[PDB]
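Next up: just one chain, as structure tokens, the form deposited in one PDB entry.
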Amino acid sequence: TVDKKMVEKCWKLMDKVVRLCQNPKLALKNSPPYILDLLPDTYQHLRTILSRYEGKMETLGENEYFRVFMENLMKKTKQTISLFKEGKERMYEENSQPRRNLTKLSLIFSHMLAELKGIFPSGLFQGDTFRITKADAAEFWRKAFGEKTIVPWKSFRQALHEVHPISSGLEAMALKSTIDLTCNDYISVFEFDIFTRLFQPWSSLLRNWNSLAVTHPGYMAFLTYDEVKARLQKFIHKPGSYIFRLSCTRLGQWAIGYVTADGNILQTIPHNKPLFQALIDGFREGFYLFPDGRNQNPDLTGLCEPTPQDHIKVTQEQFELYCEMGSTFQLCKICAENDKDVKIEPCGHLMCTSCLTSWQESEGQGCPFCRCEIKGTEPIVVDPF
């Protein structure tokens, strides 16, 4: 239960962590995850929530997700406070174990902040109506948990095991490590969305996860842009050397770092396409050949098998309405040259892949019709009336 004093206590602890990090003796880099920016940003969003719930503090206080988040915020802030207390001088040692823990805790605050903004957009609770990107993933969460925002790990593990069986406790604990971003032993709808975006398609979820995050030597998990260039510097004279990682700023998305014919160390983003599709493409035309400089590259052919696109039938209501316009439902309304063959997830807006690519090339990952973030895409076919 979240009261007035509990929130005030959290902020006082948050302030102490800021004071400890403000020390010029640490000389920490401004690059994300930057805790000196993350904690003050967490204070403002919480303040935004409270102003949206002024008077309605009974509804906010008894809210399960908010209770859990606040409990985890105090715990993570106190953990950082103790980290500075135990081994004070080790905080200034560049690559020491306590310093690596501060970088790990900073990542957690970044995930925690993105989760809070995802569940409470504009300060109002939208967790019960959270839009899961992939359709098959959304149907799993609805049938197993309904409109629940957060569920305990053991409850998530038993539901998942029914659809995608888990081989061992070793696999379950590795699976827990990748999906539980906030490190609180609970799995949120936001965390689920991220895992199901990265390890798509849903139909072979654990196979994709095992082949890309467990058995793949190229998997580096969360890594900053600079660290990718720093790790690939060892393999400058080995053309085809590559690595793939996650970004705290671009949650749910992948990023590949490779060495060219000359070197230079280039970094690309596949954007809403399955990672193995880009890795297989990248291997057959000699770009991604050596994962983490190793001679042996994993064969991912078993994951990529030509599948049919989802079909959408236009109704009588839609046909009649489009006839008045002097057009069809299936025609792309941006170019008016092709039929709609791609669906933006989760808004559902349709256009041709051509208009999408051009929009993404210049404007970014935002829907042309409603400005909603392009969390994912799906190729589709619109069957005329």
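Each form is matched to the other, and the largest set of C-alpha atoms that superpose within 1.5 Å is called the rigid core. A residue's number is simply how far along the shown sequence it sits, counting from 1.
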Of 266-274 and 181-189, the one with larger mean CA B-factor: 266-274
Between 67-75 and 293-301, point out the one with the higher average CA B-factor as the PDB entry records it. 293-301
Out of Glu115, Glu162, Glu171, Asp281, which one has a C-alpha B factor higher than all the others in the entry? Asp281
Among the choices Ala27, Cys332, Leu46, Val342, identify the one whose CA B-factor in the record is greatest. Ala27
Per the entry's values, where does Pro346 land by CA temperature factor relative to the rest of its chain, in the lowest, middle or highest third? lowest
Lowest, middle or highest third: where is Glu337 by Cα B-factor in its chain? lowest
B-factor third for the C-alpha atom of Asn208 within its chain: lowest
Select lowest, middle or highest to describe the third in which the CA B-factor of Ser31 falls within its chain in this entry. highest
C-alpha B factor of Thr59, ranked within the chain: lowest, middle or highest third? highest
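The form deposited in another entry exists for this protein as well; it is not shown, and the discussion that follows is about that form.
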Of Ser203, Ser177, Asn264, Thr129, which one has a Cα that moves 2 Å or more between the shown form and the other one once the core is lined up? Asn264
Once you line up the core, how about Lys238: does its CA shift reach 2 Å between the shown form and the other one? yes
Rigid core aligned, does the Cα position of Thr224 differ by 2 Å or more between the shown form and the other one? yes
With both forms fit on the core, is the shift of the CA atom of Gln79 between the shown form and the other one 2 Å or larger? no
